[PDB]
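Asks: Residue numbers (the entry's author numbering), protein chains in the order written: chain W, 226 to 527; chain H, 4 to 111; chain Z, 1039 to 1136; chain C, -1 to 97; chain V, 57 to 449; chain L, 294 to 490; chain U, 793 to 842.
Note that the Cβ used here is the ideal one computed from N, Cα and C, for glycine as well.
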Amino acid sequence: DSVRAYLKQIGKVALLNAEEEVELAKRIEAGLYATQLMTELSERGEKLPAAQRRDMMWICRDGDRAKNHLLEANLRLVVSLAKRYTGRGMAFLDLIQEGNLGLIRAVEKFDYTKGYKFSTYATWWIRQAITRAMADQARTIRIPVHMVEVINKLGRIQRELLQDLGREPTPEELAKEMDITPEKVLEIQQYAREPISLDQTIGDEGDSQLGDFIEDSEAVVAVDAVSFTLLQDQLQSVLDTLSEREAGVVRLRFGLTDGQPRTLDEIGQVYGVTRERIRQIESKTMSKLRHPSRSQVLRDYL
Amino acid sequence: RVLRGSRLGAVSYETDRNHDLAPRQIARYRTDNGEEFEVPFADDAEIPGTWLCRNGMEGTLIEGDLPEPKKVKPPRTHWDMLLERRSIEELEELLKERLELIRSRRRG
Amino acid sequence: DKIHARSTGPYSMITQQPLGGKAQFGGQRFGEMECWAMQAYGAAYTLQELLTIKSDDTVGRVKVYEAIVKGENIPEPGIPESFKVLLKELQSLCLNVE
Amino acid sequence: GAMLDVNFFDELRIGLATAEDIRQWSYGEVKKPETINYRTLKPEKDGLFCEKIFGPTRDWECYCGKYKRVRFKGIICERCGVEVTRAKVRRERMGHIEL
Amino acid sequence: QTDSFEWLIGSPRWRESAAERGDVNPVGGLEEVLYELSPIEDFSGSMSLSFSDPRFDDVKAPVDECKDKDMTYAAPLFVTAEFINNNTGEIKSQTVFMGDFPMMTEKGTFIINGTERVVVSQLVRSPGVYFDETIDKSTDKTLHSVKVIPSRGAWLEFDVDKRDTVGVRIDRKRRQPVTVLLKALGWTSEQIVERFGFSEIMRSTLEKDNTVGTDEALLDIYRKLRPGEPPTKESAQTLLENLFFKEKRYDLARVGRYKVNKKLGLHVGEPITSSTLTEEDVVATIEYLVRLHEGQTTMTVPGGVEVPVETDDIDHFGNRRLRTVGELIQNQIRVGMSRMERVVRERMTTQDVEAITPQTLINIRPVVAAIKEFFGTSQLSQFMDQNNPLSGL
Amino acid sequence: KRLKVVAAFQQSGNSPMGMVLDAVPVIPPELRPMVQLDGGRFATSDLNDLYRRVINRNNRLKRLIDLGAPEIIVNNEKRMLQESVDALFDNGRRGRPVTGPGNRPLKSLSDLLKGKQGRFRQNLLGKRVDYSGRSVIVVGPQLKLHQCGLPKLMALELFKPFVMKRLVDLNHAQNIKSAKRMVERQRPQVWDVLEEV
Amino acid sequence: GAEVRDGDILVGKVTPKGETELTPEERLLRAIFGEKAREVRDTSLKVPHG
DNA sequence: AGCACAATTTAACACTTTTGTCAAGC
DNA sequence: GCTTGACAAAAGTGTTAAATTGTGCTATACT
Ligand SMILES: C/C=C/C/C=C(\C)[C@H](O)CC/C(C)=C/C=C(C)/C(O)=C1/C(=O)C=C([C@H](C)CC/C=C/NC(=O)OC)OC1=O
Ligand SMILES: [Zn+2]
């Protein structure tokens, strides 16, 4: 048990009290300003004397020690809070860790001179970071936090209007309720629509995965491919059925030779003629091409 | 019962023209651990010296340009979180406090 | 209710494979009993064709289809797909493979 | 000894993979536990579908879309940051993670 | 199917039905659920909730229409539930909509969303006092044993060890002497040999009991039961009684108690109740067991007619009961109401005091969820194969 | 026993140093596809959340080291990490494997092994090939030994490529597509060329 | 009351398919044939086999 | 939970040049 | 055969605005 192992780990230290908070915070303050003046003399400020050096570094080290100390003391409260959020979405130890981080942040930004309990000011940062990471890493598809909040309000109001109406309310009722549009509600729900796994068996006799019944609608028709090939083949035949500059212009205008269709600009460029000469060209060409004589074979490829 | 799917990408089908390709440039970027990664870029393509390479870390160009190294500071320090909320004079108070503290400790 | 055959239909999504199941086309699975069997017979090419160009060769499938449409000698069986898949798996299991 | 796997297979040696060979393999290290946009429905940078490491899911189509012609290939839109190519190397390429 | 269903209903049809053959208390399965759930009270005991009158409403639509429009043929559920604060005492009586509830066809089936399923009755050997003596051929000795497996309870063995000793392994423990139980049960070695004079292995083990005094046995039991735990003296009675006599976490069925007394002729002339056990039960157990590994034919316990000394069968019907349709339904009802009450008691304190109503206290969502997930999503709730009237039947 | 593995490494030019892992590989995404069905709620491949846990823990403990933290939680997170990695390779091997909704266990990479016969040689059950047809069987007492009956409808679907080719050889279908839709139409001369094919 | 056979159309249903660069070839066929794009994809109901 | 703000994204739109079009005659 | 001038629709261009989204913040006490 890593859970209970860490539990025994954390029970190893006892709690503290007000003056504990008092002296530990004041110690850590002393250490931080000590290291501050330390880096002050880090740039050229002085040949720092021996006793001053020893006890300033000592103050630093001591504030650090008490720093870890209080955190340790409050880890029990960390667990006592985080216990009540599990059974949903995200694993427990990770919740523990992130509550630890939020503990870090709160104890960082904590004041004693406001003369409160440490835990009180802590709990804000605590549950904040907790629920934050909750919205963060509870979906394999990440979602904006405000999206999460609106979804939460949605589900709340949903159970509300359920027990009120006695039945599942209407989506129009709901959109009316949260003062947004029904399609907006729909989009919200869909975004609030969790994915499903492909590693369960649809059959009650379990031998086939659920993913063994998914038609790949973006797969290869294949015969269509050779169809496309022979398409090109009869194509080039018909291209050769007519004059040169015709087919050249056509391939250039359709990207048929390069994959990039050229405008009348490029075409009359390479030929040295006007656009509108090319337009005459194209007119006569599509006239010639638009013959049932020519399209009898060709119509089939549609 | 039919259940179809589709990966979210397009699949065309041309012929593999090995002969005719867009010509293109080649660059050498250096990493922190002096790694050299090389990327064929288009001819008409700026070669930005910075690039996170196959290494996965960020890698700069082979050359020396140095437009702007960082232009960015650290986010915060717990020093700062205290400093905004506590005075330098408070700091010196607790400082000389602990000075006499350690004194009247071991050295009385 | 039982009569059913197939040549070519809707390929897989996970694997590259045209759907089994007589609700859809589906078809018949040539597995372990008549493999070991074909080996017993000694005929190898048919088995190879089955396990390659009717099983996994993505390109080879349309290739063979083309060849049949054109009335031409069969292309050669390409590499299986699940083979390479297992290969990548073994790799990603932190395993020097080659 | 040929990773492209064309018809010539004398022996098949196995062995423990070195960390170098690992990092020698991958084309980049993912660094975001992300998959795809809920809304645009597309992969994410440093996510477990980043085409920059994996490759395009769309045949010869850079991420920004600056190119969509197979004549463009062996190249990368610096803006998109992914190589215009076939869309099946994703079937092949491996990603790594430094702990 | 009709009768299971109506009993679970408790319809007056069934009311006169069971009344036809005694059945002094015609109780429907739902009534049973009420009596087994009520009252509802806080651990502080400051406030009290209760139920009454599980009353069916008419179906919301006709069977043909329900099938066609794919609405599962059901009907509402109303309950005369009542809350009262133990602190001062005030009635909070509501007739709560328990939820729309499916209704059996007149062909004994059910329509879910227009779909037509069939529930199946599942065979199970009932919970009971189960006997056997597998001869240790390596010892060439019959090894008489017992495993009294209750519903929602713990196991226990009265084993004929290879030695002339007691196989008093209990609740999956690995081994006990009977003496530890008796002194743990408030029995002196005098009391045991008195109660068990012809008991040869009993006298032997009581010579090898190697522990004297009740509380010594109590502490040994407690430590061996919670090994890795500090022994405490009040847990002597305040654990075992909870383990095997506090009938809130250890309760074989009423039919289990019935099977017990009937196998033993203990509760000869009274209706079945109190699924908790009794030292009476255990001692008659031990007496019959030792006599079975004694050479016997039948033994009349004080207060009980002599039961013929013999083994038991898991295969024989006399143990193999039949969980019916209404049976399984009540099982689902119980499992849902468990979750629902353990959240009512949750709010029971968190709910504001002297301002709540059971309406504020009630959540039928989990129960209806269980109902739905039972009708659907169950290998016992299966599609009626209607290829013809025959195979349908 | 020990000298076995000792000589194994010694003989080998390998190194047991690689036995520890420091940099983790990742499967291609295609083999772990996030494929889509019709409507927006798509399909996944069982490894994604594994990698997610790994990434989250790694980044977390990374920034933890960055900050400088009491080593207790450091070791805790590291243990968590190693557990995650083990779950990835073969979860359920050590401790209890990792959770979701639906009362049903996990599947590491180890479980994706096709053969994957451990301690029992079950049935094999490969990929169910193509180009067959099933049916019930009946006697051909009139038939010769070498022969075999056949539902014309069935083989009709069978030789579709062959028949289409041979018929477009005839002047009966201009393109292949004509042939295929004609197969859908079954114009009786279809049966005629079916004969020869 | 209409007779039917496998593959025949059951219900005329359709949805948009989206937008992709047409092949030059298909564009040519449309041009010679004056045929529109109709990006909405053809998703009807056909009777399955047999 | 909720608010604040902040960067970041994108879409909207006003304008411009470009390209396809025409009608012209030449 | 062919060019001209003119013409509008269309592809960009770019700016600005709106929305979107990542991030930080809260002080009775509660281990
Ligand atoms: C890359 C290989 C690494 C080592 C192998 C491992 C880990 C596999 O775990 C065992 C081998 C195996 C099984 C792989 C299955 C794959 C690739 C797959 O997907 C199949 C498949 O599932 C079935 C088949 C054939 C139908 C199996 C026929 C066996 C015949 N045996 C025989 O002829 O008797 C001597 O091919 C495949 O490629
Ligand atoms: Zn791009």
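(1) Taking the alpha carbon of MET1051/Z as the reference point, which residue from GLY361/L, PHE335/L, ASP315/L and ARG350/L has its own alpha carbon closest?
(2) With distances taken Cα to Cα, identify the nearest neighbour of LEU386/W among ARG519/W, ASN377/W, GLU398/W and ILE376/W.
(3) Out of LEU487/L, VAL476/L, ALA466/L and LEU436/L, state which residue places its alpha-carbon closest to the alpha-carbon of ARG524/W.
(4) Can you tell me whether DSSP reads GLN438/V as helix, strand or coil?
(5) I'd like the list of long-range same chain contacts for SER344/W, defined as Cβ closer than 8 angstroms, with 5 residues on each side in sequence excluded.
(6) Given that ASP404/L touches chain H, what residues does it touch there, using C-beta distances under 9 angstroms?
(7) Give a yes or no on whether the minimum CB-CB distance between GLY391/W and chain V is below 8 angstroms.
(8) Would you kindly work out how many angstroms separate the C-alpha atoms of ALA400/W and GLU429/V, rounded to a whole number?
(9) If we cut at 8 angstroms on Cβ distances, does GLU817/U have a partner in chain W?
(10) Should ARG56/C be counted as a contact of ligand 2 given a C-beta to heavy atom distance under 7 angstroms?
(11) How big is the Cα-Cα spacing for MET263/W and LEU295/W?
(12) At a CB distance below 7 angstroms, what residues from the stretch 5 to 21 of chain H approach chain Z? Give them in sequence order.
(13) Count the CB pairs spanning the stretch 42 to 49 of chain H and the stretch 61 to 73 of chain H that are closer than 8 angstroms, and state whether there are at least three.
(14) Can you list, in chain order, the residues of its chain whose CB lies under 8 angstroms from that of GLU811/U, leaving out five sequence neighbours each side?
(15) Can you check DSSP and say which residues form a bridge with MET355/V?
(16) Nearest-angstrom Cα distance between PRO1056/Z and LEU477/W?
(17) Is it the case that the Cβ atoms of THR58/V and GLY164/V are separated by a distance below 8 angstroms?
(18) Can you say whether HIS200/V is buried or exposed, counting buried as having 16 or more other CB atoms within 10 angstroms of its CB?
(19) Give every residue of the same chain whose Cβ lies closer than 8 angstroms to the Cβ of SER106/V, excluding the five residues on either side of it in the sequence, and list them in chain order.
(20) Would you kindly work out how many angstroms separate the C-alpha atoms of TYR61/C and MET315/W, rounded to a whole number?
(21) Can you confirm whether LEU330/L, when its beta carbon is compared against all beta carbons of chain H, has any partner nearer than 8 angstroms?
(22) Of all the CB atoms in chain W, is at least one closer than 8 angstroms to the CB of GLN435/V?
(23) Starting from the N-terminal side, write out each stretch of the beta strand (DSSP E) that is 3 residues or longer and does not extend beyond the stretch 291 to 336 of chain W.
(24) Does ligand 2 have even one heavy atom less than 7 angstroms from the beta-carbon of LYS66/C?
(25) Would you identify the three-state DSSP class for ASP124/V, choosing helix, strand or coil?
(26) For the stretch 51 to 87 of chain C, which segments carrying the beta strand (DSSP E) assignment without a break, of at least 3 residues, lie completely within its bounds, in sequence order?
(27) In terms of residues, what are the limits of the beta strand (DSSP E) holding residue 469/V?
(28) Using a threshold of 8 angstroms, state whether the C-beta atoms of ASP441/V and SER447/V are closer than that.
(29) Hey, is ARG77/C close to ligand 2, as in C-beta under 7 angstroms from one of its heavy atoms?
(30) In this structure, does DSSP put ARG390/V in helix, strand or coil?
(31) In three-state terms, what does DSSP make of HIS371/W?
(32) Buried or exposed for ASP336/W, going by 16 or more other Cβ atoms inside 10 Å?
(33) Which same chain residues end up closer than 6 angstroms to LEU249/W when comparing Cβ atoms and leaving out the 5 residues on each side of it in sequence?
(34) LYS40/C to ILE73/C, Cα distance in whole Å?
(35) Measuring alpha carbon to alpha carbon, tell me which of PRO434/L, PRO444/L, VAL486/L and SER425/L ends up nearest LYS458/L.
(36) State the Cα-Cα distance for the pair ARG69/V and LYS116/V, rounded to the nearest angstrom.
Replies: So, to answer that:
(1) For the residues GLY361/L, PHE335/L, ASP315/L and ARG350/L, the minimum Cα distance to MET1051/Z belongs to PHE335/L.
(2) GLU398/W is the residue among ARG519/W, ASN377/W, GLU398/W and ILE376/W whose C-alpha sits nearest the C-alpha of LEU386/W.
(3) Checking every option, the nearest Cα to that of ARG524/W belongs to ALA466/L.
(4) For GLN438/V, the three-state secondary structure derived from DSSP is strand.
(5) Within the same chain, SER344/W has close Cβ partners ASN299 and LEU302.
(6) Under the 9 angstroms cutoff, chain H gives no residues; its nearest Cβ is about 22 angstroms from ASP404/L.
(7) Interface annotation, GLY391/W: in contact with chain V, CB-CB separation under 8 angstroms.
(8) Rounded to whole angstroms, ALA400/W to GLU429/V spans 29 angstroms at the Cα level.
(9) Using beta-carbon distances, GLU817/U counts as an interface residue toward chain W, with a partner under 8 angstroms.
(10) Not under cutoff, so the answer is no.
(11) Distance between the alpha carbons of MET263/W and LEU295/W: 24 angstroms.
(12) Residues of the stretch 5 to 21 of chain H that bring their beta carbon within less than 7 angstroms of a beta carbon in chain Z comprise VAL5 and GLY8, in sequence order.
(13) Contact between the stretch 42 to 49 of chain H and the stretch 61 to 73 of chain H is absent: fewer than three C-beta pairs spanning the two stretches fall below 8 angstroms.
(14) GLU831, listed in sequence order.
(15) Answer is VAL363/V.
(16) Roughly 39 angstroms separates the two Cα atoms.
(17) In this structure, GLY164/V lies closer than 8 angstroms to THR58/V by Cβ.
(18) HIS200/V should be labelled buried.
(19) Closer than 8 angstroms at the Cβ level, and outside the excluded window around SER106/V, lie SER94, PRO95, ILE96, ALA137, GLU138, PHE139 and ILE140.
(20) Roughly 32 angstroms separates the two Cα atoms.
(21) It does; some Cβ of chain H falls within 8 angstroms.
(22) Interface residue, yes.
(23) Fully enclosed beta strand (DSSP E) runs of 3 or longer: not present.
(24) False, no ligand heavy atom lies under 7 angstroms from that Cβ.
(25) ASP124/V falls in the helix class under three-state DSSP.
(26) Here no run is fully enclosed.
(27) No statement about residue 469/V is possible, as the shown extent of chain V runs from 57 to 449 and does not include it.
(28) Their beta carbons are under 8 angstroms apart, which means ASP441/V touches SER447/V by this criterion.
(29) Yes, ligand 2 has a heavy atom inside 7 angstroms of this Cβ.
(30) Judged by DSSP in its simplified three-state form, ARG390/V adopts helix.
(31) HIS371/W: helix per DSSP, three-state reduction.
(32) Label assigned to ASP336/W: exposed.
(33) Taken in chain order, the residues that qualify are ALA291 and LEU295.
(34) So the two alpha carbons sit approximately 22 angstroms from each other.
(35) Nearest of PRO434/L, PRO444/L, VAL486/L and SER425/L to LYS458/L, Cα basis: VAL486/L.
(36) Cα to Cα, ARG69/V sits roughly 22 angstroms from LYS116/V.
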